[PDB]
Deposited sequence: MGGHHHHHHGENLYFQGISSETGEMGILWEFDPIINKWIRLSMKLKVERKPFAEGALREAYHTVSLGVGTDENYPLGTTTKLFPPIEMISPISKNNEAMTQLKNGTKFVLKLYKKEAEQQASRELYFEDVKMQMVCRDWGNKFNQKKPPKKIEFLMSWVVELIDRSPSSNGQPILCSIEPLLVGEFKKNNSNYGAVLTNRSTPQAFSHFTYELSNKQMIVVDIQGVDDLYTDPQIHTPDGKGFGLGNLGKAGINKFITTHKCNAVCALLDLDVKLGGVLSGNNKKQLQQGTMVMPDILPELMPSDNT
């Protein structure tokens, strides 16, 4: 949309309720230096210069995600309000030394957790939670890295405030707060033990970068540690007033 200097990107949004990816474009201006780093990625402040369609950037014939997983229509999406021209947000790049599939899997995983957030909030707990949207962006104006595969990154809204990690994906309980731990326990019980959401982290109860474990270990990226991840959560978990309010089993 905007005529100002920045760079273009193909923007991908996953929508769980129709089970499709929605493909868009946007222009963005990203700062030169990151403002934070974790173990694997760096985060950069970025501003949006508008969201558009992908009609100038045809797909052609090896596509991931596959064509049947892509919505033919993209007129409605969260990006058009949440990343509208002017918005400050965050872009995350992996450090030098992540396949194409994993960017998409991590964004899908976050959208799945966001759904679990809504389901938890429907039980009217004392504190509601929310997982941020997340999106894949192909930075198409940048030079390809080792191959004709473009530069990929993920983007999400800016969290304002003190960022805290509340548990990890392997059993750590890092704060005293109840709601995070009760949420993890909720996802375990109400999924009939088919999955658990951990790596609950963010600002207050606005969360981002969660991790799912499933018993069979498949999908949900490299952080999916299977039954081991699940058992490690169980070992350290102490039920709290929120667990009890949600009528969860003290097993």
Original post:
Counting from 1 along the deposited sequence, which stretches were left out of the model?
Top reply: 1 to 17, 79 to 80, 117 to 120, 275 to 307
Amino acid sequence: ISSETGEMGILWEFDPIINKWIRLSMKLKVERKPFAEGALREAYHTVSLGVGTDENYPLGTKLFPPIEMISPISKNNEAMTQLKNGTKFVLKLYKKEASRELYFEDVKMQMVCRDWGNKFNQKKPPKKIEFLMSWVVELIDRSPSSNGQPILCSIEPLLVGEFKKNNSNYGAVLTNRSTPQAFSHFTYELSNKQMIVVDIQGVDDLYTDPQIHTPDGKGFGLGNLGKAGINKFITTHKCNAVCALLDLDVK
From here on, numbers count along this sequence of modelled residues.
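Rigid core (definition): largest C-alpha set, two forms, superposition within 1.5 Å.
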Subject >> Stretch with greater C-alpha deviation in 5 other deposited structures of this protein, 148 to 156 versus 119 to 127 (rigid core superposition) >> reply: 148 to 156
Original post:
After a core fit, does 206 to 214 or 35 to 43 show the bigger CA gap to the shown form in 5 other deposited structures of this protein?
Top reply: 35 to 43
**OP:** Go through the other compared entries with residues on either side of residue 97 and state whether a third or more give it no coordinates.
**Re:** yes
Subject >> Other PDB entries, at least a third, lacking residue 61 >> reply: yes
Subject >> Entry-level comparison of average CA B-factors, 172 to 180 and 138 to 146, reporting the higher stretch >> reply: 138 to 146
**OP:** Mind pulling up the entry and telling me whether 216 to 224 or 34 to 42 has the higher mean Cα temperature factor?
**Re:** 34 to 42
Subject >> Deposited CA B-factor, highest of 198, 59, 26, 190 >> reply: 59
**OP:** Going by the CA temperature factor in the entry, name the top one among 115, 156, 101, 78.
**Re:** 101
Original post:
Where does residue 160 sit by CA temperature factor within its chain: lowest, middle or highest third?
Top reply: highest
Subject >> Ranked C-alpha temperature factor of residue 108 among modelled chain residues, by third >> reply: lowest
**OP:** Please rank the C-alpha B-factors of the chain's modelled residues and tell me whether residue 96 sits in the lowest, middle or highest third.
**Re:** highest
**OP:** Would you mind ranking residue 237 by its C-alpha B-factor against the rest of the chain and naming the third, lowest, middle or highest?
**Re:** middle
**OP:** Pull the Cα B-factor of residue 50 out of the PDB entry and bin it into the chain's lowest, middle or highest third.
**Re:** middle
